[PDB]
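Written out below as structure tokens is the structure these notes cover.
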Amino acid sequence: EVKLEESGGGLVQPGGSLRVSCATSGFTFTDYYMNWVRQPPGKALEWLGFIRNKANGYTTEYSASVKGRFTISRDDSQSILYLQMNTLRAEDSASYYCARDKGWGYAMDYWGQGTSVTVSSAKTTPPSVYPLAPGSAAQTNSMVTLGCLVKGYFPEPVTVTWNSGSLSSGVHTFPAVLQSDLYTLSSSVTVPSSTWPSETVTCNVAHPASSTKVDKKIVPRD
Amino acid sequence: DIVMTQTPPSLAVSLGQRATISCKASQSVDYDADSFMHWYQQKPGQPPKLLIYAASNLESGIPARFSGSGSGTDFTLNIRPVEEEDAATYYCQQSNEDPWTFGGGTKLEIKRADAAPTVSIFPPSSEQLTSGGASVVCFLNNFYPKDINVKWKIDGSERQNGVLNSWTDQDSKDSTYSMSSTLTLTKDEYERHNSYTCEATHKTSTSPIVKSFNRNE
Amino acid sequence: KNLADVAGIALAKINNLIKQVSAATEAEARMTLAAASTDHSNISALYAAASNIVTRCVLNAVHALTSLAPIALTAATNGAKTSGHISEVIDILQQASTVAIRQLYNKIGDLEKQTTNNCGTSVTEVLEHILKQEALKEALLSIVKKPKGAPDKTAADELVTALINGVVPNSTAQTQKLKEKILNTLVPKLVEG
């Protein structure tokens with residue numbers, strides 16, 4: 001039904017600018033107030049501002065942390081919401097959420113998936129993707145666990161799927177760890193021993209900031 | 001300029017029991033008898049979901065297990081009975097005075113029966129060795145509670161440096177945790193030794209779960 | 001002197017009640033003009049509920065004044081004086097040139113008892129009191145309700161805006177925020193059905 005998506009996130013240099021946008025469908029965009037909310041990694045939600053509808057003058061409210069640097073605007077013809085960010089700082093790095101207001105600057109009843117912004121002077125590094133196959137020390141058991149290691153990328157996030165999403169249960173993707181200004185994560189998957197290695201198992205790693213899509217097949221070791 | 005204080009910061013509740021999370025406002029967020037306090041649920045990596053608006057109104061589509069109460073400066077959110085899907089962080093928000101502010105959040109953990117981890121170890125891939133690095137990876141999957149200790153032993157002696165651990169958030173379906181432990185060495189240091197073991201000590205057993213491999217096969 | 005202290009308190013209350021009747025009747029005047037200029041069945045029913053509230057502010061404030069003035073006059077001058085416009089006597093008493101004071105102090109404590117039930121001292125203030133009342137909210141929701149589907153939220157916006165332009169013609173940031181606050185307090189009832 002109601003759908004809001006966020007787009008435009010990426011890596012920005014300190015002091016730079018970025019515009020994120022929110023495409024909405026499934027409701028009469030013109031009748032609703034719209035909000036922007038952000039959440040820095042590992043921190044609390046933070047309200048940024050809202051924009052009024054046509055009936056109430058298209059005016060805006062902002063939090064003080066963002067007043068003067070950010071500008072919220074909307075396009076009623078295309079039912080799209082914008083947030084324009086200027087003079088970005090490192091602590092502006094967060095996931096930015098577009099959220100529809102339930103009233104007139106009230107509660108937020110619908111939220112988008114969010115778009116990620118990283119403000120940093122380090123540059124984009126594509127990940128190294130290594131397959132993790134059993135060492136054949138504990139050869140047999142009915143369920144076998146495979147993995148793949150995603151090392152040395154920047155910025156977050158990366159997406160990991162197994163067999164193009166067809167293998168979704170029994171998957172654990174672990175949160176990235178930052179060392180030396182590069183992130184590393186790993187992902188495990190467990191499959192029946194009757195299905196590997198007789199059938200193929202591939203982990204698919206996507207890093208939008210580098211526009212890279214990488215597939216690694218898990219082949220038995222050596 | 002209203003500050004929101006949630007208590008407790010962390011809470012563990014058994015299935016079927018009651019969870020109570022409280023928000024205390026630095027000044028009143030009410031307008032006469034009408035409240036401007038709202039509650040949100042956020043599962044890890046997902047967008048927040050509105051549960052209760054104006055202190056006590058249950059938003060459409062939200063199960064009756066959630067309820068809110070309070071007035072003026074003190075409010076509570078109630079979950080009865082608690083279910084596995086409730087593993088999440090909960091936020092209060094006030095829209096009484098500009099700017100709107102959020103509480104710091106309360107993480108709810110759902111208790112379950114103790115479960116031992118499933119452990120598997122992986123040698124460095126040949127693709128990574130060519131670049132000069134060597135990562136040994138140990139997965140510890142689907143255990144509870146979250147507290148766990150991993151030791152690495154190279155040729156029988158404990159190694160403390162180059163070890164990085166990462167926990168998943170509590171699973172929404174089975175209420176377990178998983179963790180990955182990565183020991184990264186140089187290719188030169190890796191090829192100097194033969195036997196590599198990760199040892200997991202968890203409340204479910206006094207003896208550790210040990211998985212290992214030998215580098216020459 | 002103790003009479004010069006209470007005389008100052010009585011005159012401050014009399015001046016405040018006089019400004020209450022001025023603000024409330026000024027709201028009523030703009031509402032009656034706004035009701036006569038426009039020919040809609042719906043918005044006129046709002047002015048009916050609003051006028052009944054504003055007039056009753058005036059009746060209450062005048063009732064308090066006419067009760068307080070003879071009381072203040074007896075205290076300021078113990079010699080028999082019970083007439084209106086005592087403003088001159090307590091004012092000069094307050095500057096220069098006990099039973100009745102006790103009588104007065106109680107009436108002032110009695111008056112503030114009803115300080116919570118007092119509409120504004122300005123036209124913006126009385127307007128805020130109008131929208132806070134259940135009688136106006138009850139009238140507004142009955143107009144926007146539909147028998148089948150949900151009550152119309154866009155019409156509630158329009159009716160409150162027209163009312164706000166009846167009482168306060170020049171829009172302010174406070175008027176906009178006041179309009180949003182009242183409409184927000186009704187959000188639970190505009191989603192029923």
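Residue by residue through region A:146-172, note down the ones that are surrounded by 22 or more Cβ atoms within 10 Å (Cβ to Cβ) and among the hydroxyl-bearing types (S, T, Y).
Result: A:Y153, single match.
Return the pair list, or none, for Cβ contacts closer than 7 Å from residues in region A:195-211 that are more than 16 Å from A:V171 (Cβ to Cβ) to residues that are of a type outside the set (V, I, T) and part of a loop (DSSP other than H, G, I, E, B), at least 6 apart or on different chains.
What qualifies is A:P197/A:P220; A:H207/A:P126; A:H207/A:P127; A:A209/A:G10; A:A209/A:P155; A:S210/A:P126.
Being under 24 Å from B:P145 (Cβ atoms) and facing another protein chain (nearest Cβ under 9 Å) narrows it down to one of B:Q46, B:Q41, so name that one.
B:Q46
Among the residues of region A:184-201, write down those that are under 13 Å from A:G147 (Cα atoms) and part of a strand (DSSP E or B).
A:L185, A:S186, A:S187, A:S188, A:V189, A:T190, A:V191
In region C:86-100, how many are aliphatic (A, V, I, L, M) and either on the phi > 0 side of the Ramachandran plot or within 28 Å of the chain's Cα centre (by Cα) (or both)?
Selection size over region C:86-100: 3.
Check A:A44, A:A23, A:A64 and return the single one that is assigned to a strand (DSSP E or B), assigned by CATH to the domain that holds A:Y97 and surrounded by fewer than 21 Cβ atoms within 10 Å (Cβ to Cβ).
On inspection, the qualifying residue turns out to be A:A23.
Given (1) farther than 21 Å from A:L11 by Cβ; (2) facing chain B (nearest Cβ under 9 Å), where does A:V177 come up short, assuming only one miss?
(1) is the only condition that A:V177 fails.
Counting only residues that are facing chain A (nearest Cβ under 9 Å) and surrounded by 15 or more Cβ atoms within 10 Å (Cβ to Cβ), which one in region C:138-157 is nearest to A:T28 (Cα to Cα)?
C:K153
Need the failing condition index for C:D91 against (1) among the acidic types (D, E); (2) closer than 30 Å to B:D32 by Cα; (3) not assigned by TED's automatic domain parsing to the domain that holds C:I182, just the number.
(2)
So how many residues does region B:177-203 have that are surrounded by fewer than 18 Cβ atoms within 10 Å (Cβ to Cβ) and either assigned to a helix (DSSP H, G or I) or of a type in the set (S, T, N, Q) (or both)?
The number of residues fulfilling the criteria is 8.
Quick one: how many residues across region C:95-119 are farther than 22 Å from C:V21 by Cβ and not aliphatic (A, V, I, L, M)?
Our first condition is that a residue be farther than 22 Å from C:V21 by Cβ; within region C:95-119, this holds for C:95-103, C:105-106.
Now drop any that are not not aliphatic (A, V, I, L, M), which leaves C:95, C:97-98, C:102-103, C:105-106.
Adding up the residues that qualify gives 7.
Restricting to region B:121-142, give me the number of residues that are surrounded by fewer than 23 Cβ atoms within 10 Å (Cβ to Cβ), among the small types (G, A, S) and closer than 20 Å to B:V210 by Cβ.
0
What's the number of the condition A:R89 fails, among (1) within 14 Å of another protein chain (Cβ to nearest Cβ); (2) closer than 17 Å to A:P41 by Cβ; (3) surrounded by fewer than 21 Cβ atoms within 10 Å (Cβ to Cβ)?
For A:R89, the exception is condition (1).
Tell me, which residue of region C:168-189 that is surrounded by fewer than 18 Cβ atoms within 10 Å (Cβ to Cβ) and either under 25 Å from the mean Cα position of the chain (by Cα) or aliphatic (A, V, I, L, M) (or both) is farthest from the other protein chains (Cβ to nearest Cβ)?
Checking each candidate, the answer is C:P169.
On the basis of being surrounded by fewer than 19 Cβ atoms within 10 Å (Cβ to Cβ) and more than 9 Å from chain B (Cβ to nearest Cβ), does A:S136 make the cut?
no
Which one of the conditions (1) surrounded by fewer than 22 Cβ atoms within 10 Å (Cβ to Cβ); (2) more than 9 Å from every other protein chain (Cβ to nearest Cβ) does B:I79 fail to meet, given that it meets all the rest?
(1)
If you go through region A:188-219 one residue at a time, how many are at the interface with chain B (Cβ under 9 Å from one of its Cβ atoms) and of a type in the set (S, T, N, Q)?
Qualifying residue count, region A:188-219: 2.
Just to check your reading of the model, which residue among B:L77, B:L108 is closer than 30 Å to A:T184 by Cβ and assigned by CATH to the domain that holds B:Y53? Give the steps one after another, and end with the answer.
Values: B:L77 fails: closer than 30 Å to A:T184 by Cβ.
None of the other options fit; the residue is B:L108.
Report every pair of residues separated by at least 6 positions or lying on different chains whose Cβ atoms are under 9 Å apart, first residue within region C:36-48 and not assigned by TED's automatic domain parsing to the domain that holds C:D157, second among the acidic types (D, E) and part of a helix (DSSP H, G or I).
Between residues of region C:36-48 that are not assigned by TED's automatic domain parsing to the domain that holds C:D157 and residues that are among the acidic types (D, E) and part of a helix (DSSP H, G or I), the close pairs are C:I43/C:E158.
Quick one: B:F143 ticks every box in (1) within 22 Å of B:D171 (Cα to Cα); (2) of a type in the set (F, W, Y); (3) at the interface with chain A (Cβ under 7 Å from one of its Cβ atoms) bar one, so which box is it?
The failed condition is (3).
Looking only at residues in region A:101-110 that are within 16 Å of B:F102 (Cα to Cα) and at the interface with another protein chain (Cβ under 7 Å from one of its Cβ atoms), which one is surrounded by the most Cβ atoms within 10 Å (Cβ to Cβ)? Talk me through it step by step, then tell me what you get.
In the first step, residues of region A:101-110 are kept if they are within 16 Å of B:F102 (Cα to Cα); the result is A:101, A:105-109.
Right, trim to at the interface with another protein chain (Cβ under 7 Å from one of its Cβ atoms) and you get A:105-109.
On the way: A:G105: 23, A:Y106: 23, A:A107: 26, A:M108: 29, A:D109: 19.
Looking at residues that are within 16 Å of B:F102 (Cα to Cα) and at the interface with another protein chain (Cβ under 7 Å from one of its Cβ atoms), I get A:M108.
Is one or more of the residues making up region B:91-108 aromatic (F, W, Y), within 11 Å of chain A (Cβ to nearest Cβ) and closer than 20 Å to B:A12 by Cα?
For region B:91-108, residues aromatic (F, W, Y), within 11 Å of chain A (Cβ to nearest Cβ) and closer than 20 Å to B:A12 by Cα: present.
Here the Cβ is made from the backbone with ideal geometry for all residues, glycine too, and neighbour counts use every protein chain on show. The values are calculated or read from the model by the stated rules, or taken from the named source; none is laboratory data.
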